[PDB]
Amino acid sequence: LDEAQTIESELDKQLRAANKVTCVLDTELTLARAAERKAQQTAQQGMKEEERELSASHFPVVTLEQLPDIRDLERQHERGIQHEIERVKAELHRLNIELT
Amino acid sequence: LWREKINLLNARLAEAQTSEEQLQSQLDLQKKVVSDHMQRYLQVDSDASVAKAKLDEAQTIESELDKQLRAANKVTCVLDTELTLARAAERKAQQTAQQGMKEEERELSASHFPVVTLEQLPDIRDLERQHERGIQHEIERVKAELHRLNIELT
């Protein structure tokens with residue numbers, strides 16, 4: 001019985017190590033699931049296939065390791081599209097000026 | 001902000017670890033008490049009857065304490081994970097904060113950039129790049145104006 005109690009202590013220590021692993025991964029997976037459902041909701045807006053391939057152009061393909069970077073990559077690509085939009089606007093108004 | 005978070009999580013983690021260690025100490029003492037009351041039950045209103053009663057009570061308390069320890073383990077790990085994230089970010093924050101600045105440059109940057117709360121502390125890393133976007137656009141615009149004035153100079 002004493003030996004069984006010692007083995008119980010050993011098994012308890014092993015179970016506690018497993019518990020630490022489980023809880024760390026639990027925190028990580030809770031955050032991951034929250035963020036994934038957030039992104040899915042933002043993606044539920046839906047794209048036509050034409051729109052999907054149109055967006056596939058000029059947009060970056062970003063991996064999991066760069067997951068923090070895709071957030072600001074969205075906004076930096078938005079800034080680039082802003083540059084292009086406002087530049088063609090700058091040319092377009094001058095085109096209208098010359099048209100008149 | 002990382003140092004603040006780190007200190008808070010340090011205190012919380014330390015107290016949780018102390019409580020968990022006390023739980024483990026009680027569990028092991030229950031095991032020792034089981035062994036001792038078993039020996040008393042062997043070698044001694046008699047002492048043996050009291051030893052038997054205390055042995056059963058100690059086993060029940062052992063189960064209670066084991067389950068309490070199992071439950072208490074998780075919170076310590078959550079606190080430790082948060083603290084690890086805070087420390088990992090704090091090292092880079094310290095490194096990037098000390099790069100070098102005049103107090104005048106500190107006034108310049110502080111008066112332009114937001115003060116940050118803890119929830120905005122994760123947001124500060126993304127806010128750096130975001131603010132850099134607009135600052136870059138302004139840099140290029142003022143650069144174009146500078147080139148125009150250079151043409152005027154010529």
# chains A, B, ... in the order shown; residues from 1 in each chain; ligands from 1

call {"tool": "closest_atom_pairs", "arguments": {"of": "chain A", "to": "chain B", "cutoff": "8 Å", "atoms": "only C-alpha atoms", "output": "tab-separated table"}}
result
residue	atom	partner	partner_atom	distance
A:2	CA	B:35	CA	6.5
A:5	CA	B:31	CA	6.7
A:9	CA	B:28	CA	7.9
A:16	CA	B:73	CA	7.1
A:19	CA	B:74	CA	7.0
A:20	CA	B:77	CA	5.9
A:23	CA	B:74	CA	5.9
A:24	CA	B:77	CA	6.3
A:27	CA	B:78	CA	6.8
A:71	CA	B:126	CA	7.7
A:72	CA	B:126	CA	6.4
A:75	CA	B:130	CA	7.2
A:76	CA	B:133	CA	6.8
A:79	CA	B:133	CA	7.1

call {"tool": "select_by_dssp", "arguments": {"residues": "chain A", "states": "alpha helix (DSSP H)", "output": "PyMOL selection string"}}
result
chain A and resi 2-43+49-56+67-99

call {"tool": "residues_around", "arguments": {"residues": "residue A:35", "least_positions_apart": "5", "cutoff": "12 Å", "atoms": "only C-alpha atoms", "output": "PyMOL selection string"}}
result
chain A and resi 28-30+40-42+67-68+71

call {"tool": "write_last_selection", "arguments": {"atoms": "N, CA and C atoms", "output": "PDB file, in the first residue's frame"}}
result
ATOM      1  N   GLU A  28      -4.275  28.579 -25.922  1.00  0.00           N
ATOM      2  CA  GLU A  28      -3.923  28.874 -27.307  1.00  0.00           C
ATOM      3  C   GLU A  28      -5.081  28.559 -28.247  1.00  0.00           C
ATOM      4  N   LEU A  29      -5.737  27.415 -28.046  1.00  0.00           N
ATOM      5  CA  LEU A  29      -6.818  27.010 -28.934  1.00  0.00           C
ATOM      6  C   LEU A  29      -8.060  27.862 -28.733  1.00  0.00           C
ATOM      7  N   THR A  30      -8.315  28.325 -27.508  1.00  0.00           N
ATOM      8  CA  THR A  30      -9.416  29.259 -27.300  1.00  0.00           C
ATOM      9  C   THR A  30      -9.187  30.541 -28.087  1.00  0.00           C
ATOM     10  N   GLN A  40     -13.868  34.007 -40.155  1.00  0.00           N
ATOM     11  CA  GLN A  40     -14.914  33.353 -40.931  1.00  0.00           C
ATOM     12  C   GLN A  40     -16.122  34.265 -41.081  1.00  0.00           C
ATOM     13  N   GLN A  41     -16.498  34.953 -40.002  1.00  0.00           N
ATOM     14  CA  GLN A  41     -17.586  35.919 -40.087  1.00  0.00           C
ATOM     15  C   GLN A  41     -17.256  37.015 -41.088  1.00  0.00           C
ATOM     16  N   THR A  42     -16.028  37.537 -41.039  1.00  0.00           N
ATOM     17  CA  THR A  42     -15.630  38.543 -42.017  1.00  0.00           C
ATOM     18  C   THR A  42     -15.589  37.961 -43.426  1.00  0.00           C
ATOM     19  N   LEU A  67       0.991  35.288 -39.586  1.00  0.00           N
ATOM     20  CA  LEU A  67      -0.391  35.614 -39.240  1.00  0.00           C
ATOM     21  C   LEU A  67      -0.516  37.005 -38.635  1.00  0.00           C
ATOM     22  N   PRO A  68       0.359  37.439 -37.723  1.00  0.00           N
ATOM     23  CA  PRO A  68       0.306  38.849 -37.306  1.00  0.00           C
ATOM     24  C   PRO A  68       0.497  39.809 -38.467  1.00  0.00           C
ATOM     25  N   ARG A  71      -2.531  40.917 -40.931  1.00  0.00           N
ATOM     26  CA  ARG A  71      -3.414  41.970 -40.443  1.00  0.00           C
ATOM     27  C   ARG A  71      -3.019  43.319 -41.024  1.00  0.00           C
TER      28      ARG A  71
END

call {"tool": "residues_around", "arguments": {"residues": "residue B:4", "least_positions_apart": "5", "cutoff": "10 Å", "atoms": "only C-alpha atoms", "output": "PDB file with C-alpha atoms, in the first residue's frame"}}
result
ATOM      1  CA  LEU B   9       1.044  38.207 -13.524  1.00  0.00           C
ATOM      2  CA  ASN B  10       4.182  37.470 -11.487  1.00  0.00           C
ATOM      3  CA  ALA B  86       4.184  39.480 -21.603  1.00  0.00           C
ATOM      4  CA  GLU B  90       8.718  43.057 -23.017  1.00  0.00           C
ATOM      5  CA  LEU B 118      -3.021  47.336 -21.740  1.00  0.00           C
TER       6      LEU B 118
END

call {"tool": "atom_distance", "arguments": {"atom1": "atom CA of residue B:67", "atom2": "atom CA of residue B:48"}}
result
28.8 Å

call {"tool": "atom_distance", "arguments": {"atom1": "atom CA of residue B:60", "atom2": "atom CA of residue A:4"}}
result
16.4 Å

call {"tool": "residues_around", "arguments": {"residues": "stretch 93-95 of chain B", "least_positions_apart": "5", "cutoff": "12 Å", "atoms": "only C-alpha atoms", "output": "MDAnalysis selection string"}}
result
chainID B and resid 1:3 86:88 100 121:122 124:125

call {"tool": "atom_distance", "arguments": {"atom1": "atom CA of residue B:147", "atom2": "atom CA of residue A:91"}}
result
19.8 Å
